[PDB]
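# Pasting an experimental structure with its sequence.
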Amino acid sequence: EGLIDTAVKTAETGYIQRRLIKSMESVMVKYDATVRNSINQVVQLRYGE
Amino acid sequence: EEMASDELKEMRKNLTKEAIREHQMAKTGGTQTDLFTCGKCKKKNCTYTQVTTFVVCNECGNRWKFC
Amino acid sequence: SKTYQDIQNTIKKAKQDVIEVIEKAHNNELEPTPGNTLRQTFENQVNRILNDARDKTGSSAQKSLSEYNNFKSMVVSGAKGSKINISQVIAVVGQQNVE
Amino acid sequence: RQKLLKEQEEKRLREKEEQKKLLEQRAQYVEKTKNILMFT
Amino acid sequence: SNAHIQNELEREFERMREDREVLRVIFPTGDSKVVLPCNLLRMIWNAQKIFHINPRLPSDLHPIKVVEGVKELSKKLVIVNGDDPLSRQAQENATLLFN
Amino acid sequence: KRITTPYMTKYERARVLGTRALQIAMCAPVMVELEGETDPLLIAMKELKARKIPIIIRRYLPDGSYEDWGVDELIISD
Amino acid sequence: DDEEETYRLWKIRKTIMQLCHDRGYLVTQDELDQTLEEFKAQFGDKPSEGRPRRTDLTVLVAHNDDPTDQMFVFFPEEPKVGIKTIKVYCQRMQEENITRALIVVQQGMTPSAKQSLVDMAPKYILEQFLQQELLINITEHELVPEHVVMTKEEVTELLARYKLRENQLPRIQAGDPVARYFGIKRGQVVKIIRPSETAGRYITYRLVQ
Amino acid sequence: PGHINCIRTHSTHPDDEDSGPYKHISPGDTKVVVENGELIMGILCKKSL
Amino acid sequence: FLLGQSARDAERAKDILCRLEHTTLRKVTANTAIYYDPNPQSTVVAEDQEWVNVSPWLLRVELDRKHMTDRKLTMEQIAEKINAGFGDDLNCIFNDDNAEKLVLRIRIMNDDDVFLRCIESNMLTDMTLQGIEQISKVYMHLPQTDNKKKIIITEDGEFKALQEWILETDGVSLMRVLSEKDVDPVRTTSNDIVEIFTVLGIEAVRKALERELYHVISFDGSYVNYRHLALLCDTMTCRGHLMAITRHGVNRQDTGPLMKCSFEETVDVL
């Protein structure tokens, strides 16, 4: 049971991480001290509020 | 319900009490003790569980663990 | 050699308790616990009894170790291991649950 | 002590402002109940 | 003798009470454990251990010095640069819990 | 009327050090007396410590404007 | 039911009064938090073919600073409101200089009615609210933060401060229950204030679009 | 290195020790106390290292 | 979370639980037998209940007593509902609450043989005697941790967490639950993301998602900085609607064709 659980986790978590990374790959903190994305859309006026 | 006989009223009350009791949920088990001070309420009542020892607050309900 | 006696006594007590629970369930005395059916509450009581017995055996084993013991040193240091590992190695493994 | 007294009287002024708002709202309610009546 | 110091200390306590009310209305359930940049307790301990405070003798530190120092440090730590009223409001809002 | 932070971020510091090291490796004049070393990266680090790197950073803003900051103008982190 | 219907009507009236007070319209402190006893003593407490009948408990309230701007709160009796009812309501509203209003429908209105509602939008603003949605005031919920409708002057000031185009601000559709509660329309920013655990307070903005 | 100051607790630290006496002098050598970057009390474990 | 006095005592909370739990005829009915009794007064079965009250067929739907008492119902409301639900087309002759058997008598007045079968089936499957849909059954468990206990600032100052009754359903309605009396409309969350967006609003959805994520990530004792959670929540609630992290939510954004093909749907987006 434990081995099967580990095998399925090793197969599912990778896809989960991939989807999480491909959705916030362009977000960054610009020099205006604010977090935006590639479309220059402000997501947070300050990183982590 | 009010017009029912004494025996019928008692039976209905017993059934209602049994249903009310059965509707409840079993309390989480654990070893209750006052040796751990909960940081969320300042009280000493709480329950622990060894597995790492998880600490569950009794009154405040502070949840923590000690390794 | 005394911890073995305590562990055997605890295991026998747990076996007697679970047998008594089974007898009560057979003769229709164990009333259903709130929020669960008869089989569910029976299984929950059995599991709680077994877990209490395992914890008692593990605690008895832990309190019967010596400062020179290596398992205890590695567990308290936290480098590699845990108390449950010592409990399974010496006192008793426990329940082999699935799903 | 005098500063405490002037703070107290300022609170009294705010209470009087509440009174004037209440009286104004009533004085418009007397007119608005007529519309509420004629609506039905 | 000086009453200005007394008034300043009273104002400081009033501000402290206001901050306590803000914390209570912002952090329900009384969770003292919070994450902040600078561990002030560790810094105070290091200062004590370096300058050899020896917390038994009467120290030479007037309360007004502490009040003015805190006010100036509350000004130096800026996040939203700009004297604009909106800028100042945002700066106060952001650097609120730390202050 | 510059509003960017007056501190040098790690990214900018690393890029400036690398660029100065590359320039020095390409037979460029140094801006500090050499105490007997040859690694261009070490020379770049020494210049950064001495605040004599002839480079100015252009921090672009989201709107489109930019600000020219000089290495000898803002404070260095490390 | 009789008592339950009266309780629902009282709760709806309280929610409407709270909504009007939130928008800015001046309202009594008494009716803002009036209990149900005076509600019974006022209307009659016999909604089942009695005095407290719909379209009679309507309230007209004027704005705080603009006494010339009002808004009606109708209560059509038809479970499936049609177009004739809203048509006659609009016709009767045309006598006064009023423009805004609020319709309280029993059940979801027919799709044919929404077309007429949006048709008269530039001349007479009117929206709808199902009674099921008025039995609770969402703005008081723990998850819902404290919203503040901003004015154009401060919106422009904000846009100019950060040098950011309004199109870059977050988006919030008009279908949002909060949006309809405050009556905000397209092209209008709303301030948000959430308790920040890492910064005490954090204020963000969202443009309706 | 340096003058570090920190306080940590050992794995086998009895909870009913701080409340009672022997708080600053632990019979079991627990309650790690470091002053001026010098170990004074306690036994090092994962909780501190 | 109960609001009224019911939060303290379980007697006044069981009725709240029952009214929030879906109850149908199947849950209260024990046996259902159809009989082609020609004359109503004939009463092929031995029951002295029709003569006092006064089509050649009827349904004898006898109800259970234990379940009915557990849900605390009365035959008056059952008869009223069964008569109003199907119009003024039948005539349910209920029974007094004094006899031992909880028998009923459903008759139709104005192909006809299967009509009774169809009507009994469609009423037994779903009737909603007392409760709302979706919600199947409701639990009743006391809070053992601070995450659900009530907190009120005492006059002395200390918080003094209080232990109050709380319910745990198995469905998603929210809207029809908050409107019910003796229910705190301020602390009763929903544990669902898409549901809150149609009740409270986008910001409430963001907060709920943040709380759910923190709960599921901190269950194993691990810790993750809140900044990352907040950044994820804002990115999923930036365009107003709940953009899905899958290929169907990120490719809809106006990012750019070269960025959509990287994740998934290469040739489609190109």
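Received, thanks. Numbers count the residues shown, from 1 in each chain, chains lettered A, B, ... in the order given.
# and stretch I:237-244, does that touch chain F?
No - counting by CB under 8 Å from any CB of the partner chain, chain F has no neighbours in stretch I:237-244; the shortest distance is 15.6 Å. Quick note: C-beta positions are derived from backbone N, CA and C, even for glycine.
# Which positions in that stretch come out as buried?
I:237, I:238, I:239, I:240, I:241, I:242, I:243 (16 or more other CB atoms under 10 Å in any protein chain shown).
# Could you see whether chain G lies near it?
Yes - using CB under 8 Å from any CB, stretch I:237-244 reaches chain G at I:238, I:239, I:240, I:241.
# Residue C:25: which of those is nearest?
residue I:241 (53.4 Å; CB to CB).
# how close does residue I:169 get to residue I:200?
To residue I:200, residue I:169 is 18 Å away according to CB to CB, to the nearest Å.
# the more surrounded of these two?
Between residue I:169 and residue I:200, residue I:200 has the larger neighbour count (other CB atoms under 10 Å in any protein chain shown), namely 27 against 21.
# what's the span of stretch F:3-13, first residue to last?
19 Å (CA to CA, to the nearest Å).
# so which of the residues of stretch I:237-244 next to chain G would you say is closest to residue C:35?
The nearest one, if we look at those relative to residue C:35 and count by CB to CB, is residue I:241, at 38.1 Å.
# and that closest one, what is it in contact with?
Counting by CB atoms under 8 Å, 6 or more residues apart in numbering or on different chains, residue I:241 touches G:173, I:202.
# isn't there a helix covering it?
No - assigned with DSSP: H, G, I helix; E, B strand; the rest coil, residue I:241 falls outside any helix and is coil.
# Spell out the secondary structure type for the closest residue to chain I within chain D.
Closest residue of chain D to chain I, CB to the nearest CB: residue D:11 (22.9 Å). For residue D:11, the assignment made with three-state DSSP gives helix.
# about what we covered before: pick out whichever of the residues of stretch I:237-244 next to chain G sits closest to chain G.
residue I:240 (4.1 Å).
# Skip the chain neighbours and tell me the closest residue to the residue positioned nearest the centre of chain G.
Closest to where the C-alpha atoms of chain G average out (CA atoms, centre = their mean) is residue G:181, at 4.4 Å. Leaving aside its sequence neighbours, residue G:181 sits nearest to residue G:19 (CB to CB, 6 or more residues apart in numbering or on different chains; 6.1 Å).
# try residue C:59
Using CB to CB, 6+ apart and skipping residues adjacent in sequence, the residue nearest residue C:59 is residue B:50, 7.7 Å away.
# What backbone torsions are found at residue I:162?
Here is the backbone geometry of residue I:162 (degrees, to the nearest 10): phi -110, psi 150.
# For residue C:29, see how far away it is.
36 Å.
# Comparing these two, which shows the higher neighbour count?
Taking other CB under 10 Å, residue I:162 and residue C:29 do not tie; residue I:162 has more neighbours (14 against 9).
# contacting residues around the residue of chain H found nearest chain F?
In chain H, the residue that lies nearest chain F is residue H:2 (17.4 Å; CB to the nearest CB). Counting by CB under 8 Å, 6+ apart, residue H:2 touches residue H:37.
# For stretch I:112-132, list the C-alpha coordinates in CSV.
In CSV, the C-alpha atoms belonging to stretch I:112-132 read as follows (Å, rounded to 0.1, in the frame of the first residue of the first chain):
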residue,chain,number,x,y,z
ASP,I,112,-55.5,5.0,-13.7
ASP,I,113,-53.9,1.9,-12.1
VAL,I,114,-50.3,2.9,-12.9
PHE,I,115,-51.0,6.5,-12.0
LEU,I,116,-50.9,5.7,-8.3
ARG,I,117,-47.7,3.7,-8.8
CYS,I,118,-46.1,6.7,-10.6
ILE,I,119,-47.2,9.2,-8.0
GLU,I,120,-46.2,7.1,-5.1
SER,I,121,-42.8,6.6,-6.7
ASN,I,122,-42.1,10.2,-7.6
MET,I,123,-43.2,11.4,-4.1
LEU,I,124,-41.3,8.7,-2.2
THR,I,125,-38.1,9.4,-4.2
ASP,I,126,-38.2,13.2,-3.5
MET,I,127,-40.7,15.3,-1.5
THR,I,128,-38.7,17.7,0.8
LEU,I,129,-40.9,17.4,3.9
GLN,I,130,-38.6,19.5,6.1
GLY,I,131,-35.2,20.7,4.8
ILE,I,132,-33.3,21.9,1.8
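# how about that stretch: buried residues?
I:116, I:119, I:120, I:123, I:127, I:129, I:130, I:131, I:132.
# Narrow those to those in helices?
Under the assignment DSSP state H, the buried residues of stretch I:112-132 contribute I:116, I:119, I:120, I:123 to helices.
# Grab the nearest non-local neighbour of whichever residue of chain C sits closest to chain A.
Proximity of chain C to chain A (CB to the nearest CB) peaks at residue C:98, 5.1 Å away. Excluding its sequence neighbours, the residue lying closest to residue C:98 (CB to CB, 6+ apart) is residue A:1, at 5.1 Å.
# Could you check how far that neighbour is from residue C:47?
17 Å.
# which of the buried residues of stretch I:237-244 lies closest to residue I:14?
residue I:242 (36.7 Å).
# quick one on the thing from earlier: now the buried residues of stretch I:112-132 as a markdown table including distance to chain H?
Listed next are those as a markdown table, based on distance: CB to the nearest CB, whole Å:
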| residue | distance to chain H |
| --- | --- |
| I:116 | 71 |
| I:119 | 68 |
| I:120 | 65 |
| I:123 | 62 |
| I:127 | 57 |
| I:129 | 54 |
| I:130 | 51 |
| I:131 | 48 |
| I:132 | 48 |
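# For the residue of chain D found nearest chain G, the count of nearby residues, please.
Scanning chain D for the residue nearest chain G gives residue D:40, at 4.5 Å (criterion: CB to the nearest CB). Residues lying near residue D:40 (other CB under 10 Å) number 10.
# wait, what's in contact with it?
Applying CB under 8 Å, 6+ apart to residue D:40 gives the contacts G:55, G:56.
# do the same with residue B:35
Going by CB under 8 Å, 6+ apart, residue B:35 touches B:44, H:15, H:16.
# Which parts of chain I are helices?
Taking DSSP H, the helices of chain I run over residues I:11-19, I:25-28, I:50-53, I:65-71, I:75-85, I:112-125, I:175-178, I:193-197, I:202-217, I:226-236, I:247-250, I:257-263, I:266-269.
# nearest spatial neighbour of the residue nearest to the spatial centre of chain I, skipping sequence neighbours?
Nearest residue to the geometric centre of chain I (CA atoms, centre = their mean): residue I:135, 2.3 Å. Excluding the flanking residues, the one nearest residue I:135 by CB to CB, 6+ apart is residue I:171, at 4.0 Å.
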